[PDB]
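Below is one structure, written out as structure tokens, with a few remarks after it.
Letters A, B, ... are given to chains in the order of the sequence lines, protein chains preceding strands, and every chain is numbered from 1. The figures that follow rest on heavy atoms only: side chains count, while hydrogens, waters and symmetry mates do not.
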Amino acid sequence: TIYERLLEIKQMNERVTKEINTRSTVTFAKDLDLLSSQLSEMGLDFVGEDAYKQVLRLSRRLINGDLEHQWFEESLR
DNA sequence: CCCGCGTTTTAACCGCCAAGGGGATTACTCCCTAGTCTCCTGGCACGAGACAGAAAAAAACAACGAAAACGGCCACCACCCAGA
């Protein structure tokens with residue numbers, strides 16, 4: 001069950017790292033501050049590195065309890 | 001109408017997990033309250049005077065209790081209709 005729940009994350013990780021590393025803003029949310037800075041202020045946004053390395057790192061953070069089980073949900077959302 | 005007993009359904013209860021609001025505490029600092037001296041004027045005691053109200057007597061009226069009249073219901077008689 002764990003292996004099957006991580007294989008999909010692997011494939012989607014290739015594709016989704018490709019995606020996330022090119023998440024464009026538009027023009028007018030920044031001038032008027034219309035984007036969600038919440039997942040960035042506490043560094044849960046997946047910008048900067050792999051997806052099948054931040055999912056596992058976040059899982060570790062969650063098991064140790066350092067990461068809320070609610071914010072992990074949004075970050076994976 | 002409410003108690004009693006019985007199926008049938010509902011949700012209370014337990015227990016377990018996850019999250020965080022807010023109780024509780026600590027440390028810093030200041031602004032508010034206690035305290036005190038001097039000043040005085042508001043509140044109290046005393047005196048007074050007069051009018052609001054108690055009283056009162058008398059009249060008006062406004063609640064309590066009998067016989068006649070009117071209306072309604074029941075019984076009896078008369079008239080009309082239906083049946084034998």
How long is the straight-line distance from [atom2] of [Y] back to [atom1] of [X], given to the nearest 0.5 Å?
X       : Y       : atom1 : atom2 : value
A/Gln11 : A/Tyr52 : CD    : OH    : 9.5 Å
A/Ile20 : A/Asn13 : CD1   : CG    : 8.5 Å
A/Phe46 : A/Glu19 : CZ    : CD    : 12.0 Å
A/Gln54 : A/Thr17 : CD    : OG1   : 11.0 Å

- Item | Co-members of the apolar cluster containing A/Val26 [side chain, <4.5 Å] |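 Its cluster partners, ordered by chain and number, are A/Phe28.
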- Task: With side-chain contact (heavy atoms from CB on, under 4.5 Å) as the test, would you mind laying out the steps for A/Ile2 and A/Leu6 before giving the verdict?
- Result: CA-CA 6 Å; A/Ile2 303 274; A/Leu6 300 197; 4.2 Å; yes
- Identified side chain to side chain contact (heavy atoms under 4.5 Å, CB included) counterpart of A/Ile9 within the set A/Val55, A/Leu76, A/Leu56: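 For A/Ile9, the side chain to side chain contact (heavy atoms under 4.5 Å, CB included) check succeeds only for A/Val55.
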- Those residues that, when tested against A/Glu14, pass side chain to side chain contact (heavy atoms under 4.5 Å, CB included) (two or more places apart):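 With sequence neighbours excluded, A/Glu14 shows a side chain to side chain contact (heavy atoms under 4.5 Å, CB included) to A/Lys18, given in chain and number order.
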- Task: Quote, to the nearest angstrom, the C1' distance that separates B/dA50 from B/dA54.
- Result: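 Here B/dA50 and B/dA54 have their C1' atoms 16 Å from each other.
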- Scan for salt bridge (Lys or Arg N to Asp or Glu O under 4.0 Å) pairs involving residues 46-65 of chain A, sequence neighbours excluded, and state none if there are none.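 Pairs touching residues 46-65 of chain A that pass the test: none.
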- Query: Mind checking which nucleotides bracket the chain A contacts on DNA chain B, 5' to 3', with an atom under 4.0 Å from a heavy atom?
  - Reply: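 Contact span on the strand: B/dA18 to B/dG20.
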- Do any of residues 70-77 of chain A sit with a heavy atom less than 4.0 Å from DNA chain B, and if so which?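 Those residues are A/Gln70.
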- Item | Range-with-range stems of DNA chain B (Watson-Crick or G-U pairs under 3.5 Å, three or more in a row) |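 In DNA chain B, stems of three or more pairs: none.
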